[PDB]
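I have placed the structure first, in the form of structure tokens, so that the comments after it can refer back to it.
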Amino acid sequence: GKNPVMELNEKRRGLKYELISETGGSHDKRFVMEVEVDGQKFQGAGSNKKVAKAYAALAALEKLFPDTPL
Numbered sequence: 080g081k082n083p084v085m086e087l088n089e090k091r092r093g094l095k096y097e098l099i100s101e102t103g104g105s106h107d108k109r110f111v112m113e114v115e116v117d118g119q120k121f122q123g124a125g126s127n128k129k130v131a132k133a134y135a136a137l138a139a140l141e142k143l144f145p146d147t148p149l
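Each residue of the sequence shown is one higher than the one before, starting from 80 at the first, in this note's numbering.
Below you can see the structure in the form of structure tokens.
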């Protein structure tokens, strides 16, 4: 375990990550990603899409799979 998207995928396959926010200039960009798991929405933010997506998965894992080793 180490990659949030990878670990969540082990619990739920075919999840779709949606970019819901992209703001700030090329020097202060902020991305917000959202993932839906069991009708529940989880979001993650960051300076780039990859980490925003990872935080979105982490949020899902922290709620639904607390024991999953990071």
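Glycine residues also receive a C-beta, built at the ideal position from the N, C-alpha and C atoms.
task: Tell me, please, which residues DSSP counts as bridged to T102.
output: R109
- request: Could you tell me which residues DSSP puts in a beta bridge with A139?
  value: DSSP lists no partner for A139.
query: Which one or two residues does DSSP pair with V116 in a beta bridge?
result: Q119
task: Measure how close the beta-carbons of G123 and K132 come, nearest whole angstrom, since I'm counting them as under 8 Å.
output: 6 Å
task: Closer than 7 Å by C-beta to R91: which residues in its own chain qualify, once you throw out the five before and the five after it? Chain order, please.
output: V116
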